[PDB]
C-alpha cells in the first residue's frame, strides 16, 4: 500500500490533501467495497469498507481524509518453549514443569460418496497461546517447541475504533480517537485535514516489552531474521504491563510513532523511520519500528516529494498513473552499459534491444523490456555484493544503486543472470511485438481486461500482483480502492476508482465497469455532497424497512 498526506506548506491551495492507494486482494474476505454512510446530524463519511464490516475503513468526511498501510510492527510474539526433559507435552517456566492444554475441534467433511464424516483434531496450547510448527525452522522436538501469542486476540475494540474514526472531525480529533482506544490491529494511519495538517501514526496493537528486557528475552537467531520471538522458559519475558495501555500487555500510545507536519508524510510499508526524512523517527522498540533500508516504492515517492515546490492533486494522481518502474532507475543504466560491452553475443541480443527500447514503465503499451527486466531482477536479487553502492544508512534515499561492473566476478555473474533471464522469457509463450497489457489482465467472465501496473517489489507505485494462468498473468491483488481528496470551500473534492469494481458477481452491472476505467486510468468523482449525488444522471433510490 501507498499513502501520502500533504499539508498547508506544500499543497498548492494551502489546505490538506491525501492520496490513498492501498494494495489489497482483488478477491475474497479483504475485497474493498465503496459506500457512503450518513446519520444526519452526527455521521457523514464516505470511502471503502471490508466485507461484513459495517464501517468505513479508508475514507473521508467534511474536513478530514484518512487511509492505512500495513505496518512493519510486530503484532504477535513467538515463544520458544523449553520442554520437560521427561515429557515433551510439558514445558518449563522458571524451572517448573507445566502441562500443555488440549482443545479438540470437530469438523464435518463431505466425502467422495457425498456423505459427511466427522474429523477430530487436537490443538495444543501453552499459557502463551497455541503451539505452531514450521518444519525445519520451528519444530516440536524433545527439547523445544514454539507457541504464538497474538496481541489482537484480545482486541475487542476494532469495530468501535473504526466507527470512531468515521466520526472524527479533523486530524487532531482523529489522533485523540485512535490514541484513546488503541483498537487498530496492524496498520499505519495517514491523514490530512482542511486546515492543512498532515498526520502519520504507527498506532496499532503491539506487544509491549520494557527496553531493558529485550537483550535477554529475544531469541537472537530469529530476531536477526525479523521474527518476533521471545524466551518462553522465563516468566520475566511475559509482555510488560503498563496501566496507560488500553489492553493488558500492549504498548502504550505514547511509545508508538506519530509525526504531525505541515509539509508531507508518506508510507509505502516500510517502518516509521523515513515517513519524512526531514524529521526521522528513531529510538523505538525493535517490535515497533527499526531503521531499515526502504523499498523502491518509498524511494520513488520521496524522490517526487522532496524539495520546496507545491504539490497539486494532478501530481499525486500521476505518481500512480505513470506506472514508473523505479527499480529500473537503480540498475538499467549499468545494464545497458553491460549490453553495449557485449555487442555480438547472440544470447543477449533480443534482451538488450528490448531493454533499450523500453519506456521504463508498466503501462499497457510498455514493451517486452519490462518482462526481461523483471526476470533479470529476480536473479539480481540473489547475487552477492553486486551493488555498486550498497545500502548506506547515511544516504538511505539513494542507496543501493548501480551494478559493480568493475568487479570481474560481478560482471560475469550479472551477464549470466541476464542470459538466464533472457532464456526464460524466450521459452515462455510471448508473441513478438506483444506489450505488457497483452500479458497482464483481469478475467471477467469469458473476457479479459488489460491491467496497467506491476509488482511493488520493482518500485511500481501502482503495485499490481499477478500469477501465471494459461497464456496470461492474472491479477490477484494490488491497487484497489483509490481516493485522492482535497478540501475546496464547497466541500471535499474526491477522485478515484475501485479498480476491480463494486461487485464480485459476474451477473452484476457493476462487475467490470470501473475495471474498464482502471484499464484506461480514468479516475472519477466520488460524489459526497447532496448536490454532487443529485447531479448524477444514473441516480437511483430505494427505501426499505422491516
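Heads up, when I say rigid core I mean the largest set of C-alphas that superpose within 1.5 Å between the two forms. Numbering follows the first chain given and starts at 1.
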Between 242-250 and 426-434, which has the larger RMS C-alpha deviation from this form in 9 other deposited structures of this protein after core superposition? 426-434
In the PDB record, does 158-166 or 331-339 carry the higher mean Cα temperature factor? 331-339
Quick one: say whether 486-494 or 48-56 has the higher mean Cα B-factor in the deposited entry. 486-494
According to the Cα B-factor stored in this entry, which of the following is highest: 431, 232, 185, 252? 431
Please pick out which of 454, 396, 129, 228 has the largest Cα B-factor as recorded in the entry. 396
Can you work out whether the C-alpha temperature factor of residue 264 puts it in the lowest, middle or highest third of the chain? middle
Thinking about Cα B factors across the chain, which third does residue 217 belong to? middle
Record-listed C-alpha B factor of residue 16: chain third: middle
What third of its chain's C-alpha B-factors does residue 134 belong to: lowest, middle or highest? middle
Binned into thirds over the chain's modelled residues, the C-alpha B-factor of residue 300 lands in the middle
